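Asks: Here it is, the structure in full.
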Amino acid sequence: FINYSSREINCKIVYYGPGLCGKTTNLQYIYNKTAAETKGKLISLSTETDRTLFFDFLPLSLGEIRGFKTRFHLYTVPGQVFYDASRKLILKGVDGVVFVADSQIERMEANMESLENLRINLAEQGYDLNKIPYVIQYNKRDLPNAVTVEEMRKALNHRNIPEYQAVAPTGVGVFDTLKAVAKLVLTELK
Ligand SMILES: Nc1nc2c(ncn2[C@@H]2O[C@H](COP(=O)(O)OP(=O)(O)O)[C@@H](O)[C@H]2O)c(=O)[nH]1
């Protein structure tokens with residue numbers, strides 16, 4: 001999304017996953033551990049029905065595509081967002097998507113049905129997941145109730161697609177996940 005006069009194209013990175021998985025902790029480790037003269041301000045919106053969390057920033061690797069740099073955005077939905085007309089609204093012209101799956105055995109049947117939603121909301125909006133940048137981040141690895149990744153690749157990453165093992169409050173692969181989707185969108189931009 002080029003802005004002509006402002007001479008700075010904008011991309012769309014979204015974090016998808018079940019209710020309480022690691023989308024909010026992901027953006028915090030990023031914004032809460034960066035520098036002001038690059039990023040904007042962390043916006044948190046909320047109503048009695050739905051919630052939205054998002055921020056904007058300038059990368060630290062690029063400069064000129066047509067003589068201009070990109071300015072990625074990270075959009076998400078904290079908590080158990082009931083209504084599906086807000087999660088359809090969060091994918092309004094998405095460029096790259098990250099799937100924060102919860103390694104928790106308790107909510108392992110929760111990742112499947114949440115992935116099914118991403119696989120049914122995008123094709124509805126004219127987006128095929130196999131071409132539109134999509135990465136998966138296996139979070140909550142520290143918890144001793146968590147399943148082996150060998151099983152998560154079999155059940156959630158059926159038609160792989162790059163994967164990343166991460167732990168959100170320690171920062172493990174929070175930024176390492178983002179750097180993968182970034183280049184995947186940057187390549188699909190010329
Ligand atoms: N131990 C641990 N806790 C995590 C991890 N990721 C998220 N959490 C916790 O899980 C809870 C819900 O996650 P949060 O990101 O805040 O909300 P979400 O936006 O609905 O996924 C919070 O208490 C987080 O601290 C992780 O990798 N390890």
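Asks: Could you run the Debye sum over the Cα atoms of the chain, one equal point scatterer each and no solvent, and tell me log10 of I(q)/I(0) at q = 0.11, 0.12, 0.13, 0.16 Å⁻¹, two decimals?
Replies: -0.48, -0.57, -0.67, -1.04
Asks: Residue separation times 0.36 nm, minus the C-alpha to C-alpha distance between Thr148 and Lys183: what's the value?
Replies: Values: separation 35, 0.36 × 35 = 12.60 nm, distance 2.80 nm.
My answer for the length gained is 9.8 nm.
Asks: Still on this model: Determine, for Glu163, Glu106, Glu8, the number of other Cβ atoms within 10 Å of each Cβ, and report the residues in order from fewest to most.
Replies: Numbers: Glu163 19, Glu106 10, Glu8 14.
Listing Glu163, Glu106, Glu8 from fewest to most nearby Cβ atoms yields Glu106, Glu8, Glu163.
Asks: To continue, here is another question. Using only Cα atoms, locate the centre of region 101-116 and the centre of region 60-89, then give the distance between them in Å, rounded to an integer.
Replies: Region 101-116 and region 60-89 have Cα centres separated by 23 Å.
Asks: Could you tell me the center-to-center distance, by alpha carbons, between region 1-57 and region 156-190 in angstrom?
Replies: If you average the Cα positions of each part, the centres end up 16 Å apart.
Asks: With r as the distance between the Cβ atoms of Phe1 and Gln165 and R0 = 41 Å, compute the FRET efficiency 1/(1 + (r/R0)^6) and round to 0.05.
Replies: Details: r = 32 Å, r/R0 = 0.77.
In this case the efficiency is close to 0.80.
Asks: Neighbouring Cβ atoms within 10 Å as the yardstick, rank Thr24, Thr70 fewest first.
Replies: On the way: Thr24 18, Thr70 21.
Ranking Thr24, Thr70 by Cβ neighbours within 10 Å, fewest first, gives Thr24, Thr70.
All of the numbers you see were taken from the coordinates with simple rules; none came from a lab. Note that we place each Cβ from the backbone using ideal geometry, even for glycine, and neighbour counts take in every protein chain shown.
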